[PDB]
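*Asks:* Below: one structure in structure tokens.
There are 2 protein chains.
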Amino acid sequence: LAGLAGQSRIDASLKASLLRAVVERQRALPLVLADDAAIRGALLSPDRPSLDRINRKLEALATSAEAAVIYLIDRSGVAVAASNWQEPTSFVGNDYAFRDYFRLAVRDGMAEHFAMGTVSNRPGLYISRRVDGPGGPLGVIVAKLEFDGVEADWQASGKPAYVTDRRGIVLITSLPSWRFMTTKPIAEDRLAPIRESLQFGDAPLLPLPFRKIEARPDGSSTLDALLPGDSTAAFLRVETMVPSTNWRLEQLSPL
Amino acid sequence: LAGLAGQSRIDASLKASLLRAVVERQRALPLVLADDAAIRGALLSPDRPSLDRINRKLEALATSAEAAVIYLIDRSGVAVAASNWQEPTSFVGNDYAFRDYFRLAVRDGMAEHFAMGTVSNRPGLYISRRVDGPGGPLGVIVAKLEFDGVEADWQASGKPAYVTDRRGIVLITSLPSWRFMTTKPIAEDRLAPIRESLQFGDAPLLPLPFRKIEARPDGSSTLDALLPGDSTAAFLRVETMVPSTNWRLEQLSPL
């Protein structure tokens, strides 16, 4: 068992590292596109030829980065150009002012917020960066980062895992029906903030269904957990911070 | 004598996506600076105000992307701007007119060249791309990525791993011992150009210190390794291609 806590911990730490790496690959996009002269170019003078170029510029990057979408928003919250410009789900002509990833980036310069997609209903990290001219803001570049990939790996690791934020909400998980569950408690009067924050409303916000929790001296714990399709089993849980985020990552190893 | 042959098989998969994410965060920056009217404009019409604008631009990117150095090289080999401009080790003014990353950039549009820093002595992947003007080539924009962080996550797995290119040279490795060793035999004649191309020339280019061997099915084999830390254990050996590269990752695992 203590010989299982050892191996669990390195798995954990490694999954957390692959996650770190994956978040940072995506952060490089808005980072480099905030300063990009053709972006700036387009916002200063948004003519059709110009915005078609950026449409294609971004189409290619969503595909080389592996963003679900990269898109560029007007001074006033309108998406003017978008990786998905040729698809019937083209964000172009959409209103993002009531964003959080929008208004926060407008206010602070950059933002990162895990939210459900208006039309999609698919979770992910909106990574955004304000675009500037000399002497004033011009708009916002957003790239949105989905975790189906790392969630798929873990699911094949044989040690399930989910990730919670500071508030305690599972954002990323290898078992989808644990998404938006809680790990703390949480406090009644911060619930709609949150539902709103998440762009969901009716998220569960109930505790993970872990039963029979036993804390261990070395900091592990055991619990019982009914995984889907399975009869109930006992697990070793270990935990680790995900570097350069404010997330904890939590892992189960079958006993 | 059962098959943790299924385990090393995925820890390796994990190691190799860790590596693709890390490389990929760096490929995005030359991919977009190469085309930037400011980067072009600087090269096409350089003046001090311009060139420091870039210097600053490159420090901010490099600092954010965790790139060891990003820098901009003249049509004629001279670095005109660099992320380390303010540092005493600034690449600004250096002649690189005959570095593989430079010349291959120019001919091919783009290059990924693994070498040892001239003055620094640290290994890294130099990622470069031609800047094109209305003229023809104007310069090259280069980003250098080092692999200490990922070699450290690999070392902590307790499954040493390393990555060979097409010439079977070990470029990246979780033991240092072991850099610039070899999976292939490498014929007499080839040592000096290969050394030149590693920019190191002192590279042992000896075959890896562990034989054993046999086959199979798969592409597997048994193995017995030097290293330190425990005399000389026995190890199984998995092999897997690192996606979006020509690198092969190999990994050994204790008995």
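Protein chains in written order, with the authors' numbering: chain A, 54 to 308; chain B, 54 to 308.
All C-beta atoms, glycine included, are put in the ideal place defined by N, C-alpha and C.
Can you tell me the Cα-Cα spacing of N147(B) and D161(B), whole angstroms?
*Replies:* Near 22 angstroms, if we compare the C-alpha coordinates of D161(B) and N147(B).
*Asks:* Quick one, which of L191(B), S250(B) and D271(B) has its alpha-carbon nearest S129(B)'s?
*Replies:* Closest option to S129(B), Cα to Cα, is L191(B).
*Asks:* At a Cβ cut of 9 angstroms, what residues of the segment 179-191 of chain A count as close to chain B, listed as they run along the chain?
*Replies:* From the segment 179-191 of chain A, no residue has a Cβ closer than 9 angstroms to chain B.
*Asks:* Check whether the Cβ of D206(B) lies closer than 9 angstroms to any Cβ atom in chain A.
*Replies:* So yes, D206(B) belongs to the interface.
*Asks:* Would you report the Cα separation of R152(B) and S274(A), rounded to the nearest angstrom?
*Replies:* Those two C-alpha atoms are separated by around 55 angstroms.
*Asks:* Consult DSSP for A245(A) and reduce its assignment to one of helix, strand or coil.
*Replies:* Helix at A245(A).
*Asks:* For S70(A), return the contacting residues in chain B, with the cut-off set at a CB-CB distance below 8 angstroms.
*Replies:* By Cβ distance, chain B contributes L71 and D206.
*Asks:* Under 9 angstroms between C-beta atoms, does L84(A) make it to chain B?
*Replies:* With 9 angstroms as the cut-off, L84(A) counts as an interface residue toward chain B.
*Asks:* Given a cut-off of 9 angstroms, decide if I180(B) and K197(B) are closer than it, judged by their beta-carbon atoms.
*Replies:* Their beta carbons are under 9 angstroms apart, which means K197(B) touches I180(B) by this criterion.
*Asks:* On the three-state DSSP scale, how would you describe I92(B)?
*Replies:* DSSP places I92(B) in helix when its eight states are reduced to three.
*Asks:* Using a Cβ distance threshold of 8 angstroms, determine whether the segment 78-89 of chain B contacts the segment 210-227 of chain B, with at least three qualifying pairs required.
*Replies:* In short, these stretches do not touch, since the Cβ pair count stays below three.
*Asks:* Which of the three DSSP states is assigned to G221(B) in this structure?
*Replies:* Three-state DSSP puts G221(B) in coil, outside helix and strand.
*Asks:* Consult DSSP for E292(B) and reduce its assignment to one of helix, strand or coil.
*Replies:* Reduced to three states, the DSSP call for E292(B) is strand.
*Asks:* Tell me, please, whether the segment 59-77 of chain A touches the segment 93-103 of chain A by the rule of three or more beta-carbon pairs shorter than 8 angstroms.
*Replies:* In short, these stretches do not touch, since the Cβ pair count stays below three.
*Asks:* Answer yes if the segment 165-180 of chain B comes into contact with the segment 243-261 of chain B, meaning at least three C-beta pairs across the two stretches below 8 angstroms, and no otherwise.
*Replies:* Because the criterion of three Cβ pairs below 8 angstroms is met, the segment 243-261 of chain B and the segment 165-180 of chain B touch.
*Asks:* Of all the beta strand (DSSP E) runs that stay within the bounds of the segment 184-219 of chain A, which reach a length of 3 or more residues?
*Replies:* Counting whole runs of 3 or more residues, the segment 184-219 of chain A contains the beta strand (DSSP E) stretches 189-198 and 214-217.
*Asks:* For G186(B), which residues of its own chain have a beta-carbon under 8 angstroms away from its beta-carbon, when the five flanking residues on both sides are left out?
*Replies:* Answer for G186(B): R93, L96 and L97, listed in chain order.
*Asks:* Considering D105(A), what are the terminal residues of the beta strand (DSSP E) in which it resides?
*Replies:* Premise fails: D105(A) lies in the alpha helix (DSSP H), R101 to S117, not in any beta strand (DSSP E).
*Asks:* CB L276(B) to CB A287(B), shorter than 9 angstroms?
*Replies:* Going by C-beta atoms, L276(B) is nearer than 9 angstroms to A287(B).
*Asks:* Tell me the DSSP secondary structure of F167(B) in three-state form.
*Replies:* Strand, per DSSP.
*Asks:* Under 9 angstroms between C-beta atoms, does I266(B) make it to chain A?
*Replies:* By this cut-off, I266(B) is not an interface position.
*Asks:* Return no unless some Cβ of chain A is closer than 9 angstroms to the Cβ of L114(B).
*Replies:* Yes, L114(B) counts as interfacial toward chain A.
*Asks:* Which residues of chain A have a Cβ atom closer than 8 angstroms to the Cβ of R78(B), listed in chain order?
*Replies:* Chain A residues near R78(B): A74, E77, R78, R80 and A81.
*Asks:* Give the residues of chain A in contact with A91(B), contact being defined as C-beta atoms less than 7 angstroms apart.
*Replies:* Ordered by position in chain A, the residues that pass the 7 angstroms Cβ test against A91(B) are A90.
*Asks:* Drop a sphere of 10 angstroms on the beta-carbon of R219(A), count the other beta-carbons inside from all chains shown, and report buried for 16 or more, exposed for fewer.
*Replies:* By the 10 Å Cβ count, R219(A) comes out exposed.
*Asks:* List, in order along the chain, the chain C residues whose C-beta lies closer than 8 angstroms to that of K237(B)?
*Replies:* Here the protein chains are A and B, and chain C is not one of them.
*Asks:* So with CB distances below 8 angstroms, who are the chain A contacts of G211(B)?
*Replies:* Result: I63.
*Asks:* Give me, in chain order, the residues of the same chain whose beta-carbon lies closer than 7 angstroms to that of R62(B); leave out the 5 immediate sequence neighbours on both sides.
*Replies:* Result list for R62(B): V291, in chain order.
*Asks:* DSSP three-state label for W300(A), please.
*Replies:* In the structure shown, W300(A) sits in a strand (DSSP, three-state: E or B).
*Asks:* Given a threshold of 16 other Cβ atoms within 10 Å of its Cβ, counted over all protein chains shown, does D206(A) qualify as buried or as exposed?
*Replies:* Buried, since its Cβ has 16 or more Cβ neighbours within 10 Å.
*Asks:* Kindly indicate which three-state DSSP category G59(B) falls into: helix, strand or coil?
*Replies:* It is helical.
*Asks:* Name, please, each residue of chain B whose Cβ falls closer than 8 angstroms to the Cβ of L198(A).
*Replies:* Within chain B, no residue comes near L198(A); the closest Cβ sits about 12 angstroms away, beyond 8 angstroms.
*Asks:* Anyone know if the C-beta pair for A121(B) and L114(B) falls short of 9 angstroms?
*Replies:* Result no, Cβ atoms of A121(B) and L114(B) do not sit closer than 9 angstroms.
*Asks:* Using three-state DSSP, classify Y154(B) as helix, strand or coil.
*Replies:* Helix at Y154(B).
*Asks:* Just the C-alpha distance for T217(B) and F200(B), rounded to the nearest angstrom, thanks.
*Replies:* Between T217(B) and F200(B), the C-alpha separation is close to 14 angstroms.
*Asks:* Helix, strand or coil, according to DSSP, for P141(A) in the structure here?
*Replies:* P141(A): coil per DSSP, three-state reduction.
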